[PDB]
Every structure is written in structure tokens, then in C-alpha cells.
């Protein structure tokens, strides 16, 4: 009867589906704008749900401080959820952060612990572990890449929203893989709860195709790229390889060019990883196999 959220963490999701006019075949590419969220990214859903589970798990209690190594959207998602629910939070990340990002996080009240940019995510992960080890009783690390609350919340929210908003006629889901939680949880929701055998498509960088190489039985050779949000260089444990039907690779130039076309030709604001996801879905959408299929693309961030 009333729709008043008790705090900002509960306002996650219910993101919109917008049909693309200049991609795909006869309107078969439909995007889900996860930028329309608290903290302007997909990551608000797992920010909230890992905090919510840790409270019901008993692993995060009043006075306990959150510690998480993240240079990306997960830090902002956890920061605002922590402020909204009264938790202390430490974020470790390398010193390559945008300077507006630094001011944003400390504006949110984050205890920012910076590590050497040359040590990358590995240095920040190690410092986060060190901080927790220093006093395990005082801290909790949510571990976005392994925590099941990550894919669980997309099974409970992102998936059903796609099911509901397409009146069950979604046929393909195209999602870049960072933690894998999005593609994992959406697929479980639709293939298992809704029982429809859609084509689940993971997207990764041409530069670091560790999923493609793993599935083909080849040596994995991760490498650097500029598609921020995906291509971690390993198979994250929240990516369930068994529900992946296909892997598309997009290089950084194409992702950036596609993002620019999204803004100039569709009037949609989204990050480079959204461009990657749309490049992959557009490539598929002009295949006879998918000519008749409704493709839903995850746009992870603003």
C-alpha cells in the first residue's frame, strides 16, 4: 500500500528494458540499464545482498567493519550500503583510482587503504587479507568473487525482472563477466525457476579470453585491456561454467566504439563494458540462428 524504502540499500533494481533502434535485426536486441540503480551500477544488487546475508549469517554484526579489495563499482556499492546501514568499511584498492573516485568514497565515509598500482588487484587483495588477519573478530571480508549472495540476488531480482518485463519471451541473455554473478544468477532464474532453456552468452575481452580458452581446452593467457568491469583474468567462482551456452569476445576498441554509438544513436548512457556487451549481442543478432530471438543485454553501469 506504501512504497517507502527503509534505507537506500532496499531501493536496488527494477531496472528498465529499452529496445535498441540501431542494433540487431528487426528490434530483437533489448538492453537492461543497470545504471538506473543506487550507486549507478549493477553492483548495488550484490552490495546490498552480501551485507543482508552476512547479517542473517551472523558474520556481520553491529560494530564489525567491512573489508573488501575492489577498485571498481563494488566499492561504491558497498560504501553506500555501509553508510545506509551504519557499518564502518575499509576498501583496499591500487593507487590508479580516479581522483573523483577517491573523493566519492571518502565522501561516503570509506576508510580508503591505497596500495601500489604496480601490484594491481593482487596487492589490494593481499592488503585486505592482512587487515582482516590482524583482528578477525573486528572485520569481515564479503569476497564478491566467491560469495553466493552475489549470484543469489540476481537469481531473485535481476532474473525475474527480465522474465516479468519480457512476459517470458526472452530467448538470449548477453552479459559481460566480472564476478560472473549476473550471468550465473540470471541463467539459474530463467533456466531453472522459469524452466526456459534460453541461450546464456558470456562476454569477455579479446585481450583476456580466459573463459573461451578454458572451455576450448587451451592454455589460458590473460592480458591487459580497457573494458573496465570484466576480464578479471581468471574464471571467477561465481561463474558457473555449466550454464554458459556461448562465449563472445569483444576487444577494447570495439567496446568503446559501441558505447559511443549507444550514446550518440540511442541516447543511452552506459560504460565501456555495456558497449562490449552490446557489440557481442549485435554480432549474434544478425545471425540466422538468432534472427527470430529476443536478446536481452545487461548494461552493467552508467
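Numbering follows the first chain given and starts at 1.
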Report summary line: Ranked by mean Cα B-factor in the entry, 13 to 21 and 286 to 294, top stretch is 286 to 294
Query raised in the report: Higher mean Cα B-factor in the deposited model: 85 to 93 or 152 to 160?
Result: 85 to 93
Requested in this report: Would you mind finding, among 105, 142, 78, 202, the residue with the largest C-alpha temperature factor in the entry?
Outcome: 105
Query - Top Cα B factor in the deposited entry, candidates 32, 260, 45, 237 - result: 260
Report summary line: Assert third(CA B-factor, residue 214) within chain per record equals lowest
Query raised in the report: By its CA B factor, does residue 223 count among the lowest, middle or highest third of the modelled residues in the chain?
Result: highest
Requested in this report: Grab the CA temperature factor for residue 109 from the record and place it in the lowest, middle or highest third of its chain.
Outcome: middle
Query raised in the report: Among the chain's modelled residues, which third holds the C-alpha B-factor of residue 26?
Result: highest
**Report entry** CA B-factor ranking of residue 208, expressed as a third of its chain
**Finding:** middle
